[PDB]
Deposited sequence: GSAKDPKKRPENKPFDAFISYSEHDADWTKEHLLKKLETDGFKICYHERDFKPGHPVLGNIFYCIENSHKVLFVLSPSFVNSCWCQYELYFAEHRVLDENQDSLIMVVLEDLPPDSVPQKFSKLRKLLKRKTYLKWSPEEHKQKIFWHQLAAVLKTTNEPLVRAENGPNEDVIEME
């Protein structure tokens, strides 16, 4: 029984979409989210380290796009979650990733993408409505 439903990570390039769509919808619908842009407090002994969100969240959710995979900072975030975290991972593909673009040593993300375990965003309202129900569903699954 973690206090947060998900720790969410996303690239700077995807920040506007994530805040305006993903975060807003999830929080309006009652999910409790931990994310560093809001919840990391530099110098705070509890809130100012990177273990806080992931240790207190049921799921880890990554927003995936080329900008995420090619970002130095996002690769560090991927490394951390891969080595800290399993069924607790949730991948949202916002934009298609070119084949073999994920660095070879990110075995977990590679196998998860290869095995089609992600949810994919769509521009069409009908597919988006399904997306949001399926995202809520996967956030509530066991680990």
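*Asks:* Where are the holes in the model when you compare it to the deposited sequence?
*Replies:* Unobserved in coordinates, per deposited numbering: 1 to 11, 97 to 100, 159 to 176.
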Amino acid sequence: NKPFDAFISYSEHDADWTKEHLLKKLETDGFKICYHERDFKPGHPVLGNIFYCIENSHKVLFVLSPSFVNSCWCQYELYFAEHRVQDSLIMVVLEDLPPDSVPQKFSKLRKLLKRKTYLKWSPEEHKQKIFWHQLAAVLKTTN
From here on, numbers count along this sequence of modelled residues.
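*Asks:* Which of the two stretches, 71 to 79 or 93 to 101, shows the higher mean Cα temperature factor in the record?
*Replies:* Looking at the recorded C-alpha B-factors, 93 to 101 comes out higher on average.
*Asks:* Check the entry's C-alpha temperature factors for 131 to 139 and 116 to 124, then say which stretch has the higher mean.
*Replies:* Higher mean C-alpha B-factor in the PDB entry: 116 to 124.
*Asks:* Please rank the C-alpha B-factors of the chain's modelled residues and tell me whether residue 84 sits in the lowest, middle or highest third.
*Replies:* Highest third of the chain for residue 84's C-alpha B-factor.
*Asks:* How does the C-alpha B factor of residue 59 compare with the rest of the chain: lowest, middle or highest third?
*Replies:* Residue 59: CA B-factor falls in the lowest third of its chain.
*Asks:* How does the C-alpha B factor of residue 108 compare with the rest of the chain: lowest, middle or highest third?
*Replies:* It belongs to the highest third of the chain when residues are ordered by C-alpha B-factor.
*Asks:* What third of the chain does residue 45 rank in for C-alpha temperature factor, lowest, middle or highest?
*Replies:* For residue 45, whose C-alpha B-factor we compare with every modelled residue in the chain, the answer is the middle third.
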